[PDB]
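S.K.: Turn this into a model:
(9 chains, ligands or ions: 1)
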Amino acid sequence: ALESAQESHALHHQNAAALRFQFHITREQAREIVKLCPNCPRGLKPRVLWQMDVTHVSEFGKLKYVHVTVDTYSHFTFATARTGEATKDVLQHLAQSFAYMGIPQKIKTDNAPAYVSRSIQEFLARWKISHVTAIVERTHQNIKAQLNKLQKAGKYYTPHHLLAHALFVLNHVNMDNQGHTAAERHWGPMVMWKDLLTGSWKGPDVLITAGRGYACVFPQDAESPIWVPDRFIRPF
Amino acid sequence: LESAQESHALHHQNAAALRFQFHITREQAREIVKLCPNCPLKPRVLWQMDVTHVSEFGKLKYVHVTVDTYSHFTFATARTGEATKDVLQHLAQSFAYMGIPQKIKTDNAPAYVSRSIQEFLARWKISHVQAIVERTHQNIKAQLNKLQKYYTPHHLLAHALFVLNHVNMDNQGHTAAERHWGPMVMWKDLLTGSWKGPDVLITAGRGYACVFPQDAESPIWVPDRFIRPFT
Amino acid sequence: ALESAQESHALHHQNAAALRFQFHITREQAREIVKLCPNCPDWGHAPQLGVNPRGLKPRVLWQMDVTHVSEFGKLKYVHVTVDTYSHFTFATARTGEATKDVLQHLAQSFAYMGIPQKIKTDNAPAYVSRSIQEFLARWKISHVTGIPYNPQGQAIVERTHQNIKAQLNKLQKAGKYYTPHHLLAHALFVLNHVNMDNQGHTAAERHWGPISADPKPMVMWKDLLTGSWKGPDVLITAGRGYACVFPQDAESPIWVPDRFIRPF
Amino acid sequence: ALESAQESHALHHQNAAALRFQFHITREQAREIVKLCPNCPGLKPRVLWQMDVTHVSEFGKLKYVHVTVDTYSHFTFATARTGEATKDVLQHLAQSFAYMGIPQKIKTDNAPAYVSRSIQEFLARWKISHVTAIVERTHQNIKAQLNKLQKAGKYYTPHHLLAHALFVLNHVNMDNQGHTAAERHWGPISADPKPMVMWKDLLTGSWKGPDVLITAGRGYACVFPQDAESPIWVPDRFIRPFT
Amino acid sequence: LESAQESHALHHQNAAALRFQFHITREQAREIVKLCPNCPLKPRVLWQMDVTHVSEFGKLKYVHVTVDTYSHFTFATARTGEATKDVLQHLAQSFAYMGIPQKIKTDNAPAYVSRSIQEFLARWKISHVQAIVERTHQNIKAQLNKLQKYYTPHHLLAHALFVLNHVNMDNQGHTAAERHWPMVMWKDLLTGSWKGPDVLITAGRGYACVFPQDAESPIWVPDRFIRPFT
DNA sequence: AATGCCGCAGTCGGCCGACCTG
DNA sequence: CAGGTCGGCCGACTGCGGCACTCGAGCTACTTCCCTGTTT
DNA sequence: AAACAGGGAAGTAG
DNA sequence: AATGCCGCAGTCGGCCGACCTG
Ligand SMILES: [Zn+2]
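M.R.: Numbers count the residues shown, from 1 in each chain, chains lettered A, B, ... in the order given. The coordinates are given below.
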């Protein structure tokens, strides 16, 4: 339990709450995990209002242009690094952002010429999206903090790999105080049964439904559930 | 049935997306898609990861696909090759896109079973080991063909990913993303009296069950007297 | 051993007892082996499941359907409306059936019985047409539809059709009647004030009068939605095919067939 | 609440007592509700009846209306008929028996159709004695109800209108004591065998009742509100006995 | 008739090849091909070769394909991968199978543009520097799926190659093998509406013979109603 | 100048051995 | 430990229905939709 | 030129 | 858009006042 958390943060550098919820540990245990770690020292509903801006990362070199797309509601963070910040670059990042997240309606940007350019406006209007002119810079701080943690973890061949790892650890596996990862917030009965083919009481495993005296017990068989008469089931 | 024409012209999604996002007739959506010229468990358990070649991208012909075996959520990238380096990069981005599963059922390519990938997968607590992956291949190729003027292969590839995931949905109305972040029964018809199936069971209770055949559009209510537990 | 049984069944589709006696396996194993084969036909002779609900208070839940009394000539379309708690019945003989005819029959039945909380019918076009819907809305009466092509959903009024037809045949054989309206009036009079049950209560004494509450028993109860025997619970009513338990935590009474009720 | 009372009075136009007893409105309030309406100005049941034939011009061809009133409960049944002859009177008698039941004896006037041998022998078959100011009152009441229901001229035939009027007069109109005509006619009138208990609804937090009880046990009681549809389980802390 | 049935059951050739081999009606060929459940300048000038994956070959999913642009003569050998040694072996075996070219067309994969392969091709006086190869890939995959029980992947691949090469013939009745070893504007004289373009078979002294790809038989038209194309 | 039957599946229950504990 | 207990086992029982010589056609009735004569 | 109003067909259920 | 039913008639079985009888 403890050593699993140690290895997890050592090669992954998670925060405290997510690790605690994953391994069911003491709060202190996670606190000294954070301390002893050397590398690790708005709308009303999802997909309504978005914020995006560019920022410069020193160690990315030719990929210093970091485009960040954060949903103002759930703070689901997505980011990519490209060679520039021109209209073509912003269009490419918007394409991959729509790929990553979905269809937004409200987008808030800065006064950059590329953002107020005609090509981006007509592209958004074609996709039925409205473009109008704290969150973005605090998200940038979080992203670059994750980066600063992650260099010494191991080898990272290209900045794209490092950026993907950082955004993953910041969205899909990290969570809030309420045990809720930003990723799922963007979209937010165990039984004992008798395998009466072999007569062995295999389990426990989840139940799905019931009826007709038949319980839809679903073992780890990724193919299909199986039906068992309720005379051959016992609650756990 | 007004915006559906331009929506299809932009994305080229299936008729189910039209009928569920625009509240139009099923036959109307079928006519729209036919007339178009360019249109001729639990999540995160088991994964399939294969490489495929597409000649459109040129030297970026090495497309890596990673489709979840439950929700059919699809991710892909185009890279200069298919070596261990490249599959490692694509695997990192796929994890960033879909989270951490526990089993990735892959083929027997030498780069896939090499050392570096092996300890990398060991560190992150993953196991190892088909029609789903080739079906996903066919869907990706069809979508890429249907997308014909984009900037770079990454652009239209991401667009294809987006339309495949967040736009299309099955008969139930649940998209790939919704299935990824959100029952099998034999039933008897009442008109002919002959059994048909097997079909999915939405919900049931107190003598009447709801059945949603994949070939139909609307749910069917049947009395519990005519329900059989397939498999 | 078991896999040999599976392949032998897949080849021949033997009987369950045949597999049991030939391969020395547990009987339930043979039953499951014969169950899992897609080729073997699925069970059609299913025992009784489900039950038609019925309001525990008079004038709560009605049922309605039409029939065909061919002896009436042009007035063969008979509308029948029967309560579910007391089996109080009413009927008229309207030429054809439509929105106007159903509305007139509904008004007559309302005058004859009273305001019902809700009405359950079949899915005939007249009962599905909007006009009836806003009529009931103005009269503050909920409406239900029922599963298409399922007469068991209106089994109560179907049995009432049987009773009415038998009574009409009896009366027609008895003597001479002026018009089908007179004959129907006499038949409804008999069925609603004379055809007493075996508990000293006519139809009127049940539909009206006081609801009787003797100390009701408590029984074990199989909840079909969880595959478990949970109880005990209060039993409200019972009969030849229905039972109405009412657990404290349950928001509403639950209707289950008799065989799922075990005394405790 | 009271707006629903006004809507119901608009639909049916029953007496004020019915509104004040069915919707818990103030008596005077229901009084002005009735006022604001544009067109609003024996010892045992099934024993003694009275029958007469009246005329109403609005029906035109069905002006022959038969009225059959019980003398204890005023339970009224009526029908619009094409003639006052013996056969129509017999049809109305059969339908009235279907509506109300078997009366011990019927008191009527000296109409020639009534005295006819066919009616006498028909009553002889059904064992109902025949003998030659309650129904002329009923003629006023039915006529008044027809006038008030003429607001919504969507009635297909006089049968529809008469059915609506009889429905109101027999199941909706309540006496000054709080009883409809049908309850008096079917006469369950006696001491209540079962207690009628107070009840405290959770949604309103008030003591609403009294309501009839079904069962009880293990800290809960199975109360069954009059207007409701299904029994409601209630904690005993919110249950008060009532006489 | 029945011989055609068994031939299509074994080899699963096209309708045209069956018709030309067994002398049946074109309608019969269409019916028989639809009925089967398993059915849903000069040679050696320029070549195209691109590798593709076939999942059901396991360790040998890296199948190479070489198609001549003239006669659509195809060749394939499933191998370990698409590295330098495998592509060199496949190229040598293709040379043995098909004959010496002058030019080869490939994509810009590192293996193809590798120094060793370029040096070897220069050693053979062959130069080196896009829908036919993909159509060939689709045909090969269709045949591989259609041919289903065989023993080894090489056996099944060889059988499918034989079916696609020495059995299937085009509308003209010429085998891909025999083909391996002009456009005209023609007037449909019946309707009077121009059609084309199509291949000219023979022409001279006022009359010509034109064989459109959609017709079962040659069409003879006079010289007055023939015009060139491109 | 001849009469409803019964397999399929669910289910109640008694027997009996492995197993608990007086 | 062996008397006491529970689960595996299945004997016995039973609710259900359709086998009967084959299958239809058609009516009433309301809604939604397309087509077309009439409008400004 | 676009709008609007009958009618027939069609789907559907008793 | 939300679930079989029950009367005609047979019949077992118990209650009980009457009748035989130890
Ligand atoms: Zn399209």
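S.K.: tell me the domain ranges of chain A?
M.R.: Per the record, chain A has its domains at A:49-186, A:190-235, by curated CATH domains.
S.K.: Work out which residue lies at the spatial centre of chain A.
M.R.: Among the residues of chain A, the one closest to the centroid is residue A:172, at 2.4 Å (CA atoms, centre = their mean).
S.K.: Please report phi then psi for that residue.
M.R.: When read as degrees, to the nearest 10, the backbone of residue A:172 gives phi -90, psi -30.
S.K.: swap in residue A:180?
M.R.: phi -130, psi 110.
S.K.: Distance of it relative to residue C:37?
M.R.: Going from residue A:180 to residue C:37 by CB to CB, to the nearest Å gives 46 Å. Where C-beta positions appear, they are placed from N, C-alpha and C, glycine not excepted.
S.K.: cool, and residue A:167?
M.R.: The value you get for residue A:167 to residue C:37, if CB to CB is used, is 50 Å.
S.K.: Same question for residue A:125.
M.R.: 58 Å.
S.K.: Would you map the strands across chain A?
M.R.: Per DSSP state E, chain A carries strands over the ranges A:49-56, A:65-71, A:77-82, A:106-108, A:130-132, A:190-193, A:205-211, A:214-218, A:226-229, A:233-235.
S.K.: could you say what helices and strands the longest one packs with?
M.R.: Yep, that's strand A:49-56 we're talking about. strand A:65-71, strand A:106-108, helix A:135-150 (3 or more CB pairs under 8 Å, 6 or more residues apart in numbering or on different chains; DSSP states H and E).
S.K.: DNA strand H is nearest to which of these?
M.R.: In terms of CB to the nearest atom of the strand, the element of these nearest to DNA strand H is strand A:106-108, at 32.3 Å.
S.K.: Paired strands for the closest one, with orientation please.
M.R.: According to DSSP bridges, strand A:106-108 forms sheet pairs with strand A:49-56 (parallel), strand A:130-132 (parallel).
S.K.: Identify each buried residue in stretch A:208-226, please.
M.R.: Neighbour-count burial for stretch A:208-226 flags A:209, A:210, A:211, A:212, A:213, A:214, A:215, A:216, A:217, A:218, A:225, A:226 (criterion: 16 or more other CB atoms under 10 Å in any protein chain shown).
S.K.: Which member of those is positioned nearest DNA strand F?
M.R.: residue A:213 (4.8 Å).
S.K.: Please tell me how far that closest one sits from chain C.
M.R.: For residue A:213, the distance to chain C equals 6 Å [CB to the nearest CB, to the nearest Å].
S.K.: With residue A:113 instead?
M.R.: Counting by CB to the nearest CB - residue A:113 and chain C are separated by 58 Å.
S.K.: can you check residue A:205 too?
M.R.: Residue A:205 sits 15 Å away from chain C, going by CB to the nearest CB.
S.K.: residues in contact with the closest residue in space to that residue that isn't next to it in sequence?
M.R.: Nearest non-adjacent residue to residue A:205, counting by CB to CB, 6 or more residues apart in numbering or on different chains: residue A:219, 4.6 Å away. Counting by CB atoms under 8 Å, 6 or more residues apart in numbering or on different chains, residue A:219 touches A:202, A:203, A:205, A:225, A:226.
S.K.: The third one and residue A:216 touch, don't they?
M.R.: No - the pair residue A:205 / residue A:216 is not scored as a contact, 11.2 Å apart, by CB atoms under 8 Å.
S.K.: Indicate the residue of chain A located nearest to DNA strand G.
M.R.: Closest point on chain A to DNA strand G, by CB to the nearest atom of the strand, is residue A:199, at 4.6 Å.
S.K.: Phi, psi for that residue please.
M.R.: Dihedral angles (degrees, to the nearest 10) for residue A:199: phi 70, psi 20.
S.K.: distance of it from chain C?
M.R.: Distance from residue A:199 to chain C, by CB to the nearest CB: 6 Å.
S.K.: how many neighbours does that residue have?
M.R.: Counted by other CB atoms under 10 Å in any protein chain shown, the residues lying close to residue A:199 total 12.
S.K.: Disregarding residues adjacent in the polypeptide, which is nearest to it?
M.R.: Nearest to residue A:199 is residue C:26, by CB to CB, 6+ apart, at 6.4 Å.
S.K.: what's the distance between the one you found and the ion?
M.R.: Distance from residue C:26 to the ion, counting by CB to the ion, to the nearest Å: 57 Å.
S.K.: what's the spacing between that residue and chain B?
M.R.: 20 Å.
S.K.: Residue A:230 contacts residue A:216, doesn't it?
M.R.: No - with contact defined as CB under 8 Å, residue A:230 does not count as touching residue A:216 (10.8 Å).
S.K.: Give me the common contacts of those two.
M.R.: Residues within reach of residue A:230 and of residue A:216 at once, by CB under 8 Å, 6+ apart, are residue A:210.
S.K.: Mind listing the residues bridging to residue A:226?
M.R.: residue A:217.
S.K.: List the contacts of it.
M.R.: Applying CB under 8 Å, 6+ apart, we find residue A:226 in contact with A:216, A:217, A:218, A:219, B:231.
S.K.: so which of the residues you listed are also by DNA strand I?
M.R.: By CB under 7 Å from any atom of the strand, no member of these lies near DNA strand I.
S.K.: What's opposite residue A:106 in the beta bridge?
M.R.: What pairs with residue A:106, by the bridge criterion (DSSP bridges), is residue A:49, residue A:130.
S.K.: number of nearby residues for it?
M.R.: Neighbours of residue A:106 (other CB under 10 Å): 15.
S.K.: I'd guessed it sits against residue A:50; true?
M.R.: Yes - the criterion here is CB under 8 Å, and residue A:106 meets it with residue A:50 at 6.6 Å.
S.K.: Can you pull the residues that touch both of the two?
M.R.: By CB under 8 Å, 6+ apart, no residue touches both residue A:106 and residue A:50.
S.K.: which ones are touching the residue of chain A found nearest chain E?
M.R.: Using CB to the nearest CB, the closest approach of chain A to chain E is made by residue A:157 at 17.3 Å. For residue A:157, the contacting residues are B:85, B:88, B:89, by CB under 8 Å, 6+ apart.
S.K.: Kindly provide the distance from the last one to DNA strand I.
M.R.: Read that as residue B:89. Using CB to the nearest atom of the strand, to the nearest Å, residue B:89 is found at 47 Å from DNA strand I.
S.K.: And for the second one?
M.R.: With distances taken as CB to the nearest atom of the strand, residue B:88 is found 48 Å from DNA strand I.
S.K.: residues from chain A in reach of DNA strand G?
M.R.: Within reach of DNA strand G by CB under 7 Å from any atom of the strand, chain A has these residues: A:194, A:199, A:201.
S.K.: What about the first one? Give its phi and psi, please.
M.R.: Going back to what we said before, that points to residue A:194. According to degrees, to the nearest 10, residue A:194 has phi -110, psi 110.
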